[PDB]
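Student: This is the structure, below, for whatever I ask next.
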Number of protein chains: 4
Amino acid sequence: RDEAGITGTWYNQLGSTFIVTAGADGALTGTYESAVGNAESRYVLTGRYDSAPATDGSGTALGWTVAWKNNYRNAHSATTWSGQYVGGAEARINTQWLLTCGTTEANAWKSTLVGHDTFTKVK
Amino acid sequence: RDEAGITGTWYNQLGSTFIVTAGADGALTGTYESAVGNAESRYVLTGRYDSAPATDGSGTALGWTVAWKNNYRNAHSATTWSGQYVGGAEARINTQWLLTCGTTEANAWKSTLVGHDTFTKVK
Amino acid sequence: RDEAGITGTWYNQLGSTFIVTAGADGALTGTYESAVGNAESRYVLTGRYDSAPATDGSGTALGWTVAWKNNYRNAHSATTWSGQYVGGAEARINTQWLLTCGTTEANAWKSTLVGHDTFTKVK
Amino acid sequence: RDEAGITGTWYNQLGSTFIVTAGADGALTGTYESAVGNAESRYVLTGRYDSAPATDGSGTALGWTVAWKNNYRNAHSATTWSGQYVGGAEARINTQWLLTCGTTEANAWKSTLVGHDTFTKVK
């Protein structure tokens, strides 16, 4: 259980901030602030993590979603990050993400961006 | 707002069942039962959707996460679906997903599956 | 060996045409015409396929790339499709694709679209 | 045109070697040796790149495919890398990839791995 390991403030390579609380059940709840894109200030995030990982040195699977609507902006889109928390002295959250925009069925073929974010506790 | 449109029971092409409640804020909460993989019975899911989409015929962006641990099994993994709800008489949720397994850093390059699921209200 | 199975003209769900010749070695060469996007007429494609698949009913892995430059347009981008050929009476090529645009390092986080195309011999 | 920029030997974060020749037309041809997975020695690769990129500081889109069959092994699979070449003193090829295995239609939902590789001229 990496409840304490995961809970807190994280930073990615683009300068975004991810603030999360991990529940004893597997819940993730928090806020995301993006350094890039059609976004300003904090956005709600919710997700899930494996609260009883293997003890064989494997990482801890986790994922979360941000819908890019808050009181300031609505970018009609949602990103999900899927990845794993790895602990120890250079602790990291390594993810791949999918960002889907709401589109017309005509433009659905260009609705989805794919990328990868590495989060750390420092920067 | 597709709060009522989204809320309810959905089925995908593999025979999985997705049961969700959409909140007025943008919350998604529910259960997922997979027809395939290292899974049995219901798993908690949580996510987010755009509660005020464009009115120009575009779909409604949304996403959610399942961590594949419940009282019966723990597959040390998590899937996130990112997509859009499209309403009208053949209503669909069209998604792409990322499934990450917890791995050793040696095997991280083979940690993540990518696929696509279409959900409908019928089948 | 699905050299003859693969060689010929294929159509996807968006109305694109994929014309390919499969070599005895594993080569794929041909042309792609996209029904959507910043594209007109034929574009060169090249790729690879598994020329000696398993005989246990598994599909045949394959992939190919189009750079979206020809004599008519240059969209400064490239799509790769990765997938498998499945034979028999409703023969299909099932793929997922990544389309990368050339970008500034500032915009690299939004350089890559992900999707899925199903090709058939008819439509 | 980054024909000379691209042509040569490249190394990724996993210790793989990518040896490529870029043609004046847009062709890529070469060999790939993987440091990980069900692979040994060199595998043919073929692909495409944008031979006349924008001059506005954007990268050069490119992609290529390896089918994992050679004289030593056949892993019934194919990887495609889609990405962009960025020049200058720390020159990089930044990619995302899809690796599809041939599967039964029953197991198609778990056929495809997604990842990201950064290649450099040194290491």
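By convention here, the chains of the structure tokens are called A, B, ... in the order presented, each chain's residues are numbered starting at 1, and ligands are numbered starting at 1 in the order presented.
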Each residue of chain C with at least one atom at most 6 Å from chain A should appear once, together with its nearest atom pair and the corresponding distance in Å (one decimal); atoms considered: only C-alpha atoms; ordering: chain, then increasing residue number; output as a tab-separated table.

Tutor:
residue	atom	partner	partner_atom	distance
C:112	CA	A:113	CA	5.6
C:113	CA	A:113	CA	4.4
C:114	CA	A:112	CA	5.8

Student: Hey, could you lay chain D over chain A with a least-squares C-alpha fit (all atoms, paired in order) and save it as an mmCIF file with N, CA and C atoms, in the first residue's frame?

Tutor:
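Wrote out.cif, looks like this:
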data_model
loop_
_atom_site.group_PDB
_atom_site.id
_atom_site.type_symbol
_atom_site.label_atom_id
_atom_site.label_comp_id
_atom_site.auth_asym_id
_atom_site.auth_seq_id
_atom_site.Cartn_x
_atom_site.Cartn_y
_atom_site.Cartn_z
ATOM 1 N N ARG D 1 0.875 -1.182 0.000
ATOM 2 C CA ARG D 1 0.000 0.000 0.000
ATOM 3 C C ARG D 1 0.913 1.232 0.000
ATOM 4 N N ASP D 2 0.683 2.065 -1.000
ATOM 5 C CA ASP D 2 1.534 3.234 -1.254
ATOM 6 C C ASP D 2 0.695 4.448 -1.082
ATOM 7 N N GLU D 3 -0.205 4.378 -0.089
ATOM 8 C CA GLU D 3 -1.202 5.405 0.147
ATOM 9 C C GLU D 3 -0.451 6.709 0.461
ATOM 10 N N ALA D 4 0.468 6.619 1.423
ATOM 11 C CA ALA D 4 1.299 7.775 1.791
ATOM 12 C C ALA D 4 2.300 8.160 0.687
ATOM 13 N N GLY D 5 2.965 7.164 0.063
ATOM 14 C CA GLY D 5 3.817 7.340 -1.154
ATOM 15 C C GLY D 5 3.197 8.170 -2.281
ATOM 16 N N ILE D 6 1.940 7.892 -2.580
ATOM 17 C CA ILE D 6 1.220 8.568 -3.656
ATOM 18 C C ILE D 6 0.646 9.928 -3.272
ATOM 19 N N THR D 7 0.125 10.043 -2.038
ATOM 20 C CA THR D 7 -0.581 11.238 -1.574
ATOM 21 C C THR D 7 0.406 12.395 -1.553
ATOM 22 N N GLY D 8 0.027 13.500 -2.175
ATOM 23 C CA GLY D 8 0.832 14.748 -2.151
ATOM 24 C C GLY D 8 0.892 15.414 -3.515
ATOM 25 N N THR D 9 1.940 16.210 -3.699
ATOM 26 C CA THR D 9 2.037 17.090 -4.852
ATOM 27 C C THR D 9 3.083 16.528 -5.784
ATOM 28 N N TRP D 10 2.733 16.445 -7.068
ATOM 29 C CA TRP D 10 3.566 15.943 -8.123
ATOM 30 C C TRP D 10 3.705 16.884 -9.288
ATOM 31 N N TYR D 11 4.855 16.817 -10.006
ATOM 32 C CA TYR D 11 5.175 17.763 -11.120
ATOM 33 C C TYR D 11 5.615 16.969 -12.332
ATOM 34 N N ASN D 12 5.180 17.371 -13.489
ATOM 35 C CA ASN D 12 5.598 16.603 -14.680
ATOM 36 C C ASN D 12 6.611 17.389 -15.521
ATOM 37 N N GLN D 13 7.039 16.778 -16.604
ATOM 38 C CA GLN D 13 8.036 17.412 -17.483
ATOM 39 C C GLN D 13 7.607 18.695 -18.197
ATOM 40 N N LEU D 14 6.327 18.990 -18.229
ATOM 41 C CA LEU D 14 5.820 20.167 -18.894
ATOM 42 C C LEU D 14 5.607 21.295 -17.874
ATOM 43 N N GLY D 15 5.796 21.003 -16.589
ATOM 44 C CA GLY D 15 5.612 21.949 -15.531
ATOM 45 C C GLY D 15 4.236 21.958 -14.949
ATOM 46 N N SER D 16 3.406 20.964 -15.257
ATOM 47 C CA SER D 16 2.113 20.790 -14.624
ATOM 48 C C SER D 16 2.234 20.293 -13.201
ATOM 49 N N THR D 17 1.226 20.617 -12.388
ATOM 50 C CA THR D 17 1.056 20.169 -10.973
ATOM 51 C C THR D 17 -0.164 19.301 -10.734
ATOM 52 N N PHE D 18 0.058 18.172 -10.122
ATOM 53 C CA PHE D 18 -0.918 17.136 -9.854
ATOM 54 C C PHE D 18 -0.899 17.035 -8.303
ATOM 55 N N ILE D 19 -2.029 17.323 -7.637
ATOM 56 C CA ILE D 19 -2.162 17.235 -6.202
ATOM 57 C C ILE D 19 -3.209 16.166 -5.970
ATOM 58 N N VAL D 20 -2.808 15.114 -5.252
ATOM 59 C CA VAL D 20 -3.677 13.939 -5.042
ATOM 60 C C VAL D 20 -3.704 13.399 -3.613
ATOM 61 N N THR D 21 -4.868 12.861 -3.226
ATOM 62 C CA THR D 21 -4.996 12.077 -1.966
ATOM 63 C C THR D 21 -5.400 10.669 -2.335
ATOM 64 N N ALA D 22 -4.633 9.692 -1.868
ATOM 65 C CA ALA D 22 -4.911 8.277 -2.103
ATOM 66 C C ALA D 22 -5.659 7.730 -0.852
ATOM 67 N N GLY D 23 -6.836 7.162 -1.071
ATOM 68 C CA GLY D 23 -7.651 6.513 -0.064
ATOM 69 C C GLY D 23 -7.199 5.079 0.265
ATOM 70 N N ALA D 24 -7.490 4.567 1.477
ATOM 71 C CA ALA D 24 -7.094 3.177 1.860
ATOM 72 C C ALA D 24 -7.746 2.087 0.935
ATOM 73 N N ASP D 25 -8.931 2.384 0.380
ATOM 74 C CA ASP D 25 -9.727 1.530 -0.565
ATOM 75 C C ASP D 25 -9.065 1.432 -1.984
ATOM 76 N N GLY D 26 -8.414 2.480 -2.439
ATOM 77 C CA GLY D 26 -7.959 2.569 -3.863
ATOM 78 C C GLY D 26 -8.362 3.857 -4.515
ATOM 79 N N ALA D 27 -9.030 4.758 -3.770
ATOM 80 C CA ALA D 27 -9.484 6.027 -4.389
ATOM 81 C C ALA D 27 -8.333 7.004 -4.587
ATOM 82 N N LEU D 28 -8.404 7.799 -5.665
ATOM 83 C CA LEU D 28 -7.573 8.974 -5.916
ATOM 84 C C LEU D 28 -8.459 10.165 -6.155
ATOM 85 N N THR D 29 -8.182 11.261 -5.482
ATOM 86 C CA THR D 29 -8.990 12.463 -5.663
ATOM 87 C C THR D 29 -8.013 13.625 -5.536
ATOM 88 N N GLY D 30 -8.298 14.733 -6.233
ATOM 89 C CA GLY D 30 -7.346 15.804 -6.218
ATOM 90 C C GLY D 30 -7.638 16.866 -7.195
ATOM 91 N N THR D 31 -6.582 17.558 -7.530
ATOM 92 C CA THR D 31 -6.634 18.640 -8.519
ATOM 93 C C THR D 31 -5.451 18.554 -9.462
ATOM 94 N N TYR D 32 -5.690 19.024 -10.704
ATOM 95 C CA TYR D 32 -4.684 19.090 -11.759
ATOM 96 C C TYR D 32 -4.651 20.484 -12.265
ATOM 97 N N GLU D 33 -3.439 21.033 -12.375
ATOM 98 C CA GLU D 33 -3.218 22.298 -13.068
ATOM 99 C C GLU D 33 -2.243 22.066 -14.249
ATOM 100 N N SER D 34 -2.711 22.281 -15.472
ATOM 101 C CA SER D 34 -1.856 22.161 -16.668
ATOM 102 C C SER D 34 -1.064 23.368 -17.019
ATOM 103 N N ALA D 35 0.234 23.187 -17.240
ATOM 104 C CA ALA D 35 1.088 24.240 -17.766
ATOM 105 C C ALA D 35 0.880 24.554 -19.234
ATOM 106 N N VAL D 36 0.183 23.701 -19.956
ATOM 107 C CA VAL D 36 0.004 23.916 -21.422
ATOM 108 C C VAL D 36 -1.451 23.714 -21.760
ATOM 109 N N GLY D 37 -1.817 24.161 -22.956
ATOM 110 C CA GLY D 37 -3.147 23.892 -23.534
ATOM 111 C C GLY D 37 -4.172 24.888 -23.130
ATOM 112 N N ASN D 38 -5.426 24.538 -23.389
ATOM 113 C CA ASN D 38 -6.578 25.378 -23.154
ATOM 114 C C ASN D 38 -7.082 25.073 -21.731
ATOM 115 N N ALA D 39 -6.349 25.628 -20.793
ATOM 116 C CA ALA D 39 -6.541 25.360 -19.392
ATOM 117 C C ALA D 39 -6.008 26.486 -18.501
ATOM 118 N N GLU D 40 -6.683 26.771 -17.411
ATOM 119 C CA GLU D 40 -6.173 27.725 -16.427
ATOM 120 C C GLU D 40 -6.724 27.313 -15.061
ATOM 121 N N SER D 41 -5.832 27.404 -14.093
ATOM 122 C CA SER D 41 -6.129 27.136 -12.695
ATOM 123 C C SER D 41 -6.373 25.615 -12.500
ATOM 124 N N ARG D 42 -7.032 25.221 -11.400
ATOM 125 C CA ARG D 42 -7.241 23.840 -11.021
ATOM 126 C C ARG D 42 -8.483 23.179 -11.568
ATOM 127 N N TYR D 43 -8.364 21.877 -11.851
ATOM 128 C CA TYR D 43 -9.434 21.061 -12.391
ATOM 129 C C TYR D 43 -9.531 19.839 -11.484
ATOM 130 N N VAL D 44 -10.756 19.376 -11.291
ATOM 131 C CA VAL D 44 -10.979 18.226 -10.438
ATOM 132 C C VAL D 44 -10.411 17.016 -11.123
ATOM 133 N N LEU D 45 -9.794 16.136 -10.362
ATOM 134 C CA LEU D 45 -9.467 14.847 -10.898
ATOM 135 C C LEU D 45 -9.912 13.750 -9.962
ATOM 136 N N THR D 46 -10.244 12.609 -10.542
ATOM 137 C CA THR D 46 -10.558 11.447 -9.756
ATOM 138 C C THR D 46 -9.941 10.202 -10.394
ATOM 139 N N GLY D 47 -9.548 9.212 -9.612
ATOM 140 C CA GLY D 47 -9.071 8.002 -10.187
ATOM 141 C C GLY D 47 -9.030 6.846 -9.219
ATOM 142 N N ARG D 48 -8.227 5.881 -9.590
ATOM 143 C CA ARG D 48 -8.047 4.594 -8.839
ATOM 144 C C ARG D 48 -6.577 4.088 -8.849
ATOM 145 N N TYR D 49 -6.164 3.408 -7.771
ATOM 146 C CA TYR D 49 -4.861 2.770 -7.718
ATOM 147 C C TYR D 49 -5.025 1.452 -7.027
ATOM 148 N N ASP D 50 -4.106 0.579 -7.342
ATOM 149 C CA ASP D 50 -3.983 -0.761 -6.722
ATOM 150 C C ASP D 50 -3.427 -0.568 -5.307
ATOM 151 N N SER D 51 -4.304 -0.711 -4.302
ATOM 152 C CA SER D 51 -3.935 -0.521 -2.882
ATOM 153 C C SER D 51 -3.179 -1.691 -2.246
ATOM 154 N N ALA D 52 -2.969 -2.787 -2.969
ATOM 155 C CA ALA D 52 -2.210 -3.931 -2.421
ATOM 156 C C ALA D 52 -1.375 -4.483 -3.560
ATOM 157 N N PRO D 53 -0.322 -3.743 -3.986
ATOM 158 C CA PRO D 53 0.539 -4.184 -5.143
ATOM 159 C C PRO D 53 1.309 -5.456 -4.866
ATOM 160 N N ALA D 54 1.913 -6.033 -5.880
ATOM 161 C CA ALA D 54 2.810 -7.165 -5.683
ATOM 162 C C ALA D 54 4.021 -6.647 -4.886
ATOM 163 N N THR D 55 4.722 -7.512 -4.163
ATOM 164 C CA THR D 55 5.856 -7.119 -3.307
ATOM 165 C C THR D 55 7.163 -7.587 -3.934
ATOM 166 N N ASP D 56 7.134 -7.791 -5.226
ATOM 167 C CA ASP D 56 8.214 -8.407 -5.937
ATOM 168 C C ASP D 56 9.063 -7.344 -6.671
ATOM 169 N N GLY D 57 8.981 -6.106 -6.199
ATOM 170 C CA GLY D 57 9.579 -4.927 -6.887
ATOM 171 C C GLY D 57 8.795 -4.277 -8.009
ATOM 172 N N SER D 58 7.627 -4.782 -8.316
ATOM 173 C CA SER D 58 6.798 -4.189 -9.369
ATOM 174 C C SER D 58 6.245 -2.819 -8.906
ATOM 175 N N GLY D 59 5.963 -1.938 -9.844
ATOM 176 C CA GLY D 59 5.295 -0.684 -9.560
ATOM 177 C C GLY D 59 3.847 -0.896 -9.169
ATOM 178 N N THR D 60 3.179 0.189 -8.843
ATOM 179 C CA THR D 60 1.736 0.199 -8.422
ATOM 180 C C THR D 60 0.860 0.825 -9.502
ATOM 181 N N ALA D 61 -0.011 0.025 -10.127
ATOM 182 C CA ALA D 61 -0.858 0.535 -11.208
ATOM 183 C C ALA D 61 -1.817 1.545 -10.676
ATOM 184 N N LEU D 62 -2.054 2.552 -11.483
ATOM 185 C CA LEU D 62 -2.973 3.599 -11.170
ATOM 186 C C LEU D 62 -3.435 4.331 -12.446
ATOM 187 N N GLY D 63 -4.495 5.105 -12.301
ATOM 188 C CA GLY D 63 -5.028 5.946 -13.367
ATOM 189 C C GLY D 63 -5.949 7.014 -12.828
ATOM 190 N N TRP D 64 -6.149 8.090 -13.569
ATOM 191 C CA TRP D 64 -7.068 9.142 -13.196
ATOM 192 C C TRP D 64 -7.524 9.912 -14.428
ATOM 193 N N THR D 65 -8.622 10.659 -14.263
ATOM 194 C CA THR D 65 -9.226 11.459 -15.322
ATOM 195 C C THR D 65 -9.391 12.901 -14.903
ATOM 196 N N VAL D 66 -9.108 13.807 -15.819
ATOM 197 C CA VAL D 66 -9.509 15.228 -15.754
ATOM 198 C C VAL D 66 -10.406 15.534 -16.959
ATOM 199 N N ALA D 67 -11.599 16.032 -16.671
ATOM 200 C CA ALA D 67 -12.418 16.769 -17.627
ATOM 201 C C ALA D 67 -12.042 18.254 -17.563
ATOM 202 N N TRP D 68 -11.689 18.849 -18.712
ATOM 203 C CA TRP D 68 -11.188 20.189 -18.772
ATOM 204 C C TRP D 68 -12.293 21.295 -18.767
ATOM 205 N N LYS D 69 -13.166 21.182 -17.767
ATOM 206 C CA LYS D 69 -14.117 22.214 -17.410
ATOM 207 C C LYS D 69 -13.894 22.593 -15.957
ATOM 208 N N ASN D 70 -13.782 23.889 -15.696
ATOM 209 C CA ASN D 70 -13.871 24.406 -14.332
ATOM 210 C C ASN D 70 -14.613 25.727 -14.375
ATOM 211 N N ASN D 71 -14.488 26.556 -13.340
ATOM 212 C CA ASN D 71 -15.178 27.900 -13.366
ATOM 213 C C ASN D 71 -14.636 28.916 -14.266
ATOM 214 N N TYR D 72 -13.484 28.677 -14.811
ATOM 215 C CA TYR D 72 -12.802 29.643 -15.675
ATOM 216 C C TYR D 72 -12.878 29.319 -17.161
ATOM 217 N N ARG D 73 -12.916 28.023 -17.527
ATOM 218 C CA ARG D 73 -12.767 27.580 -18.966
ATOM 219 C C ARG D 73 -13.464 26.259 -19.181
ATOM 220 N N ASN D 74 -13.941 26.040 -20.396
ATOM 221 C CA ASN D 74 -14.402 24.681 -20.694
ATOM 222 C C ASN D 74 -13.819 24.334 -22.077
ATOM 223 N N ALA D 75 -12.852 23.432 -22.098
ATOM 224 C CA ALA D 75 -12.167 23.005 -23.349
ATOM 225 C C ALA D 75 -12.762 21.750 -23.997
ATOM 226 N N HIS D 76 -13.943 21.339 -23.533
ATOM 227 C CA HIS D 76 -14.723 20.256 -24.099
ATOM 228 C C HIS D 76 -13.848 19.052 -24.427
ATOM 229 N N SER D 77 -13.223 18.575 -23.376
ATOM 230 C CA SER D 77 -12.214 17.522 -23.560
ATOM 231 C C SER D 77 -11.939 16.854 -22.265
ATOM 232 N N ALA D 78 -11.269 15.693 -22.316
ATOM 233 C CA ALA D 78 -10.931 14.954 -21.083
ATOM 234 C C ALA D 78 -9.651 14.184 -21.312
ATOM 235 N N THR D 79 -8.744 14.223 -20.351
ATOM 236 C CA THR D 79 -7.537 13.403 -20.415
ATOM 237 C C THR D 79 -7.595 12.322 -19.371
ATOM 238 N N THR D 80 -7.171 11.113 -19.723
ATOM 239 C CA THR D 80 -6.968 10.036 -18.743
ATOM 240 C C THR D 80 -5.509 9.621 -18.772
ATOM 241 N N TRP D 81 -4.900 9.498 -17.617
ATOM 242 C CA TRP D 81 -3.529 8.998 -17.461
ATOM 243 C C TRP D 81 -3.572 7.657 -16.876
ATOM 244 N N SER D 82 -2.855 6.717 -17.497
ATOM 245 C CA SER D 82 -2.773 5.378 -17.031
ATOM 246 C C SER D 82 -1.258 5.070 -16.847
ATOM 247 N N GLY D 83 -0.882 4.457 -15.745
ATOM 248 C CA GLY D 83 0.520 4.337 -15.390
ATOM 249 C C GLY D 83 0.824 3.542 -14.132
ATOM 250 N N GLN D 84 2.030 3.763 -13.601
ATOM 251 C CA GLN D 84 2.396 3.086 -12.378
ATOM 252 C C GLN D 84 3.331 3.992 -11.572
ATOM 253 N N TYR D 85 3.049 3.990 -10.270
ATOM 254 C CA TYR D 85 3.883 4.629 -9.187
ATOM 255 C C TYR D 85 5.012 3.702 -8.850
ATOM 256 N N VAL D 86 6.219 4.243 -8.897
ATOM 257 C CA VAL D 86 7.449 3.532 -8.485
ATOM 258 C C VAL D 86 8.085 4.288 -7.347
ATOM 259 N N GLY D 87 8.284 3.630 -6.202
ATOM 260 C CA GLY D 87 8.813 4.311 -4.963
ATOM 261 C C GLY D 87 10.338 4.366 -4.858
ATOM 262 N N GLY D 88 10.866 4.683 -3.680
ATOM 263 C CA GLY D 88 12.338 4.703 -3.484
ATOM 264 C C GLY D 88 12.806 6.114 -3.758
ATOM 265 N N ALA D 89 14.105 6.333 -3.823
ATOM 266 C CA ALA D 89 14.602 7.674 -3.491
ATOM 267 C C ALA D 89 14.365 8.695 -4.617
ATOM 268 N N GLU D 90 14.395 8.229 -5.874
ATOM 269 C CA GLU D 90 13.943 9.018 -7.023
ATOM 270 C C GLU D 90 12.490 8.505 -7.403
ATOM 271 N N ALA D 91 11.504 8.657 -6.497
ATOM 272 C CA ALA D 91 10.096 8.225 -6.770
ATOM 273 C C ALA D 91 9.430 8.911 -7.954
ATOM 274 N N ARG D 92 8.755 8.119 -8.775
ATOM 275 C CA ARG D 92 8.210 8.605 -10.063
ATOM 276 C C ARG D 92 6.783 8.039 -10.229
ATOM 277 N N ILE D 93 5.959 8.795 -10.946
ATOM 278 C CA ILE D 93 4.739 8.265 -11.558
ATOM 279 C C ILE D 93 4.933 8.334 -13.096
ATOM 280 N N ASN D 94 4.989 7.169 -13.742
ATOM 281 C CA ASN D 94 5.228 7.057 -15.191
ATOM 282 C C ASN D 94 3.912 6.753 -15.818
ATOM 283 N N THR D 95 3.480 7.631 -16.704
ATOM 284 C CA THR D 95 2.204 7.488 -17.390
ATOM 285 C C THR D 95 2.246 7.637 -18.903
ATOM 286 N N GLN D 96 1.180 7.087 -19.509
ATOM 287 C CA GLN D 96 0.767 7.394 -20.886
ATOM 288 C C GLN D 96 -0.616 7.969 -20.725
ATOM 289 N N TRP D 97 -1.000 8.876 -21.590
ATOM 290 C CA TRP D 97 -2.311 9.501 -21.512
ATOM 291 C C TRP D 97 -3.052 9.559 -22.847
ATOM 292 N N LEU D 98 -4.383 9.642 -22.779
ATOM 293 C CA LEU D 98 -5.281 9.868 -23.903
ATOM 294 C C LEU D 98 -6.120 11.068 -23.614
ATOM 295 N N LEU D 99 -6.059 12.054 -24.497
ATOM 296 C CA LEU D 99 -6.878 13.232 -24.391
ATOM 297 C C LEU D 99 -7.915 13.213 -25.537
ATOM 298 N N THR D 100 -9.194 13.038 -25.197
ATOM 299 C CA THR D 100 -10.268 13.056 -26.183
ATOM 300 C C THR D 100 -11.017 14.399 -26.175
ATOM 301 N N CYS D 101 -11.188 15.046 -27.357
ATOM 302 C CA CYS D 101 -12.040 16.211 -27.460
ATOM 303 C C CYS D 101 -13.437 15.802 -27.926
ATOM 304 N N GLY D 102 -14.487 16.447 -27.442
ATOM 305 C CA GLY D 102 -15.800 16.259 -28.063
ATOM 306 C C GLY D 102 -15.729 16.776 -29.524
ATOM 307 N N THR D 103 -16.199 15.972 -30.471
ATOM 308 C CA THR D 103 -16.165 16.322 -31.891
ATOM 309 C C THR D 103 -17.485 15.923 -32.525
ATOM 310 N N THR D 104 -17.692 16.430 -33.747
ATOM 311 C CA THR D 104 -18.728 15.918 -34.674
ATOM 312 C C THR D 104 -18.281 14.484 -35.109
ATOM 313 N N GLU D 105 -19.241 13.639 -35.540
ATOM 314 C CA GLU D 105 -18.909 12.286 -35.971
ATOM 315 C C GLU D 105 -17.973 12.373 -37.238
ATOM 316 N N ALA D 106 -18.201 13.319 -38.125
ATOM 317 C CA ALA D 106 -17.261 13.664 -39.204
ATOM 318 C C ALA D 106 -15.805 13.796 -38.770
ATOM 319 N N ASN D 107 -15.558 14.429 -37.635
ATOM 320 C CA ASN D 107 -14.168 14.653 -37.194
ATOM 321 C C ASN D 107 -13.697 13.693 -36.099
ATOM 322 N N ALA D 108 -14.423 12.612 -35.849
ATOM 323 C CA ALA D 108 -14.068 11.715 -34.728
ATOM 324 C C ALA D 108 -12.682 11.090 -34.901
ATOM 325 N N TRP D 109 -12.243 10.953 -36.157
ATOM 326 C CA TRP D 109 -10.974 10.256 -36.467
ATOM 327 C C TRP D 109 -9.814 11.090 -35.940
ATOM 328 N N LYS D 110 -10.030 12.398 -35.688
ATOM 329 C CA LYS D 110 -8.965 13.306 -35.156
ATOM 330 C C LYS D 110 -9.328 13.816 -33.733
ATOM 331 N N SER D 111 -10.107 13.025 -33.008
ATOM 332 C CA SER D 111 -10.548 13.441 -31.657
ATOM 333 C C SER D 111 -9.513 13.197 -30.512
ATOM 334 N N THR D 112 -8.565 12.286 -30.703
ATOM 335 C CA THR D 112 -7.807 11.750 -29.604
ATOM 336 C C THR D 112 -6.316 11.922 -29.745
ATOM 337 N N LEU D 113 -5.719 12.690 -28.790
ATOM 338 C CA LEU D 113 -4.218 12.791 -28.654
ATOM 339 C C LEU D 113 -3.694 11.734 -27.682
ATOM 340 N N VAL D 114 -2.507 11.217 -27.982
ATOM 341 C CA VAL D 114 -1.839 10.276 -27.099
ATOM 342 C C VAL D 114 -0.467 10.918 -26.740
ATOM 343 N N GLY D 115 -0.061 10.779 -25.468
ATOM 344 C CA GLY D 115 1.299 11.239 -24.990
ATOM 345 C C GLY D 115 1.714 10.458 -23.720
ATOM 346 N N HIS D 116 2.801 10.941 -23.129
ATOM 347 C CA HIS D 116 3.384 10.340 -21.925
ATOM 348 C C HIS D 116 3.931 11.411 -21.025
ATOM 349 N N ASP D 117 3.616 11.300 -19.729
ATOM 350 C CA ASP D 117 4.033 12.250 -18.699
ATOM 351 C C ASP D 117 4.769 11.478 -17.609
ATOM 352 N N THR D 118 5.924 11.995 -17.199
ATOM 353 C CA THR D 118 6.606 11.537 -15.979
ATOM 354 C C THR D 118 6.513 12.580 -14.969
ATOM 355 N N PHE D 119 5.961 12.151 -13.837
ATOM 356 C CA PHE D 119 5.812 12.959 -12.615
ATOM 357 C C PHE D 119 6.855 12.595 -11.556
ATOM 358 N N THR D 120 7.295 13.675 -10.913
ATOM 359 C CA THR D 120 8.179 13.560 -9.774
ATOM 360 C C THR D 120 7.701 14.433 -8.640
ATOM 361 N N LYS D 121 8.256 14.171 -7.436
ATOM 362 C CA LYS D 121 7.960 14.934 -6.251
ATOM 363 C C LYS D 121 8.714 16.257 -6.210
ATOM 364 N N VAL D 122 9.733 16.416 -7.059
ATOM 365 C CA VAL D 122 10.548 17.631 -7.054
ATOM 366 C C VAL D 122 10.530 18.341 -8.446
ATOM 367 N N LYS D 123 10.753 19.675 -8.465
ATOM 368 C CA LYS D 123 11.063 20.526 -9.669
ATOM 369 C C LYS D 123 10.327 21.814 -9.487
#

Student: As a PyMOL selection string, please: all residues of region 1-101 of chain A that backbone DSSP puts in helix (DSSP H, G or I).

Tutor: chain A and resi 3-6

Student: Any chance you can output those residues with N, CA, C and O atoms as a PDB file, in the first residue's frame?

Tutor:
ATOM      1  N   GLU A   3      -0.205   4.378  -0.089  1.00  0.00           N
ATOM      2  CA  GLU A   3      -1.202   5.405   0.147  1.00  0.00           C
ATOM      3  C   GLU A   3      -0.451   6.709   0.461  1.00  0.00           C
ATOM      4  O   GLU A   3      -0.645   7.743  -0.197  1.00  0.00           O
ATOM      5  N   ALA A   4       0.468   6.619   1.423  1.00  0.00           N
ATOM      6  CA  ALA A   4       1.299   7.775   1.791  1.00  0.00           C
ATOM      7  C   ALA A   4       2.300   8.160   0.687  1.00  0.00           C
ATOM      8  O   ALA A   4       2.468   9.361   0.430  1.00  0.00           O
ATOM      9  N   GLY A   5       2.965   7.164   0.063  1.00  0.00           N
ATOM     10  CA  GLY A   5       3.817   7.340  -1.154  1.00  0.00           C
ATOM     11  C   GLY A   5       3.197   8.170  -2.281  1.00  0.00           C
ATOM     12  O   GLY A   5       3.816   9.097  -2.823  1.00  0.00           O
ATOM     13  N   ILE A   6       1.940   7.892  -2.580  1.00  0.00           N
ATOM     14  CA  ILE A   6       1.220   8.568  -3.656  1.00  0.00           C
ATOM     15  C   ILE A   6       0.646   9.928  -3.272  1.00  0.00           C
ATOM     16  O   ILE A   6       0.690  10.840  -4.087  1.00  0.00           O
TER      17      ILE A   6
END

Student: Could you pull out all residues of region 67-110 of chain D with a DSSP call of strand (DSSP E) and give them as a VMD selection string?

Tutor: chain D and resid 67 to 69 74 to 86 92 to 101
